[PDB]
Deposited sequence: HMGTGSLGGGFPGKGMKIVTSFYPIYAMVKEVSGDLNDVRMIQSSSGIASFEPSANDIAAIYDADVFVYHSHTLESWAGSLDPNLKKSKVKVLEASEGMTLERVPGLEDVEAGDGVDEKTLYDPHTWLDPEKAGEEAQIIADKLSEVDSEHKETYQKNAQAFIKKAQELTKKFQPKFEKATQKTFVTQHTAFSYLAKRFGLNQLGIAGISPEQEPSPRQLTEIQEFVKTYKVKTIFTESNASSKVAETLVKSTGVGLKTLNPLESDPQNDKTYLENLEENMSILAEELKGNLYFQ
């Protein structure tokens, strides 16, 4: 190993949490909603030492990887293995295609983000046991700063008179459950899931019922159709599914969106 292990990550939260757990160690990079990585990414995955993805409920293509058939030494790691996933909003009481029932957007909960960084540190310690104390020490520093981020915004959401907000797609369910908030997504779990006409009417009644004055968009066009039907304002709220391309850490990018949400709910 020149720079250490060659680690490849699925998307931005996994790339950020692996990079901060590894720290100075290894060579961490990220492959280039729709998902389906290119032909070169899968080739780069089989040429790497470690590949880390979030969950089978998100990167469904990760389950088709067969390192034994391709004669590859890549060790695929599911960063959220063992974490308890909540039901998809609107499907809580469904008894059971089944992958559509569980919500994967846990990285937006500061507590569950630290839980995923610990699993990454544990799984990296099972592959690279010599540096196990560096992975755990970097993870505990990430968990500590995440738990302090939760303690900081917990009183900020308790005093909020408005605890209901609407976002571009159903991605902030874990964040709302962390601070006792209520949320509704225009689109479903995936941004491609366009609302049906009957569902759009429910979003209209939902905004009117709980006096929602703001729809949080992403940096879609169905959201621009309801700004006339509801008269709400538009503010940005990044679910951190794409790289913000800045010089902030993951928890700093997460805190920024939390501060945008907390100032609006007051």
Map the modelled residues onto the deposited sequence and report the uncovered stretches in sequence order.
-> 1-11, 44-48, 113-116, 240-242, 290-295
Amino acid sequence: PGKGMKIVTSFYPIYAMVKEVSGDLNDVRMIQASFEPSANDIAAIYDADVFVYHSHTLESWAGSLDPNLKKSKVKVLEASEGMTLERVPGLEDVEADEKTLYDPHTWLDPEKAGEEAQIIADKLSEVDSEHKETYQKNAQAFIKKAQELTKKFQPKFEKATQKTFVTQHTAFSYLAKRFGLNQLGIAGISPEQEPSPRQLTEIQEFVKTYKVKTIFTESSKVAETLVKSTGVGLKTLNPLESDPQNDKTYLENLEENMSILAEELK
From here on, numbers count along this sequence of modelled residues.
So 9-17 or 243-251, which one's hotter by mean CA B-factor in the entry?
-> 243-251
Which has the higher mean CA temperature factor in the PDB entry, 169-177 or 123-131?
-> 123-131
Of the residues 109, 148, 86, 116, the one carrying the largest Cα B-factor as recorded = 148
For the C-alpha B-factor as written in the entry, point me to the maximum among 78, 98, 92, 103.
-> 98
By the record's CA B-factor, is residue 46 among the lowest, middle or highest third of residues in the chain?
-> highest
Temperature factor at the Cα of residue 213, chain-ranked in thirds, falls in the middle
For residue 58, the third of its chain by CA B-factor is the lowest
Third of the chain's Cα B-factor distribution that residue 28 belongs to, per the entry = middle
Lowest, middle or highest third of the chain for the C-alpha temperature factor of residue 164?
-> lowest
